[PDB]
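In structure tokens, one chain follows: the form deposited in one PDB entry.
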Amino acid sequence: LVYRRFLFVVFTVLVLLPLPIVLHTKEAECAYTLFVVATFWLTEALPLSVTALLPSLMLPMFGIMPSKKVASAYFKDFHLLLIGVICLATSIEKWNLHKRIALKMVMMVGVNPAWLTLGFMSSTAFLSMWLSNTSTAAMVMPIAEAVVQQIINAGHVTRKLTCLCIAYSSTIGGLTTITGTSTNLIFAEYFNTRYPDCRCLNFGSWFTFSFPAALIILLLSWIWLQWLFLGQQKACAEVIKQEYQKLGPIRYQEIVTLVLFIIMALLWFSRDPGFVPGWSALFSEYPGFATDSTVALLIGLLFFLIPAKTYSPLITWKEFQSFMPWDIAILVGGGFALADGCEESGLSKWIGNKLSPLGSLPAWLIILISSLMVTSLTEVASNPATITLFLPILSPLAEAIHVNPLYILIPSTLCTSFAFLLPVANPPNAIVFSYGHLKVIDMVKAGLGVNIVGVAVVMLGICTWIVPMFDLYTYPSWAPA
């Protein structure tokens, strides 16, 4: 009768019951670690960064990769950019610059009940474009829970609509940049490998197809969240001025931070694609040496040096490592170690030639079902796990049926970020679920209607303006047969 107490002790031993690997050679040994980590990632029977250290344990014990080969995959070029942007987000949050450019988009728009939760949507949609959406949901949500605390002192539907609009617009602003969330970053890191002579994916070629795709989302989702819930005021227009004059003039530590933000954003836009010759032609002797991560490290290391107050820098190391997520680094490294182990074992050739019967359907239905299943699966598991487990599976599916790899991997890396419904493994509707509002069914009913319009504009996006961009009907010389 005591089995329900120690519940994920007796469940975590499925090291024993699926063990049909003493019968097969090498690829079932790699498809044993793939099932175990997926079972521990879906149900979350472990702290979710402990399972990422499991490919560093049994892949040397099976004889697939050496232990110094697995350890090299735990720190890729994503981690330098992750250090560089969290060096900026520490100084944005510490010197209260996020409150400066969130109470400014409100009071510029009106305080009407239709336009207030459009400025609330567009503040975090511009904040999450550069930082991570887990960071920007932790900054905007404490502000707007205090603004509506004031607007009722000058009911329940308005506060819950504001609670879900931030958590939706944070994941809406998670795309339009590779650096906006971890999903597009690990997709770009997986795309730099496995397709070496392909030169089509950069920061300029990412903003072009994704900024029309997620601004129509923001304007078609606000109508859906307004229709579902909502259909004297000079004092409430003054109660926002109550805080914007409580904060004094703009300080030196905020001018330096926004200047270093604008300078960091003007780079990544001037190592351009074919439109403009950029500063990457200054280093013409070495084409792929200085990446987007060396820009983040050049700017983010200036926060440890520039004086702020008596000296003491803008940020210190003790308040930096108290801000950086050291779980996401280990989790992404463990995903890359398992993705690199399915290649050195021959599993992602067996999945590629066992799914060649699937290339008899039309090519749009394949990406439709591979986006629908990754959208239905990501509502219960973590988002850097659902796209982790599927990218070494969908990629040999493209190379075997003569379909472009960006034809399949692009609508599958954006639809996996459409996590609007169950708050069991989601950040932004995790942070917003820490308050005592926003019941479960009211999130699901507002989330499936925005998931429909999220999938529909991606399905009309890849059929109108991306097929003349990445040449997705004319399967290239790279990734051969």
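In this text, the rigid core denotes the largest set of C-alpha atoms whose superposition between the two forms falls within 1.5 Å. Throughout, we count residues from 1 along the sequence that is shown.
There is also a form deposited in another entry; it is not shown, and the following applies to it.
Only one of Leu215, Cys198, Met373, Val256 has its C-alpha shifted by 2 Å or more between this form and the one not shown once the core is superposed, and that residue is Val256. Once both forms are overlaid on the rigid core, the distance between the two CA positions of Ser128 between this form and the one not shown is under 2 angstroms.
In a rigid-core overlay of the protein, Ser348 has its C-alpha displaced by at least 2 Å between this form and the one not shown. Comparing the forms between this form and the one not shown, the C-alpha position of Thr416 differs by less than 2 angstroms, with the core used for superposition.
In summary, the C-alpha positions of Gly180 and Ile83 diverge in the other form, ending up at least 3 angstroms farther from each other than in this conformation.
Between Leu331 and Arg194, the C-alpha separation grows by 3 Å or more in the other form, relative to the conformation displayed.
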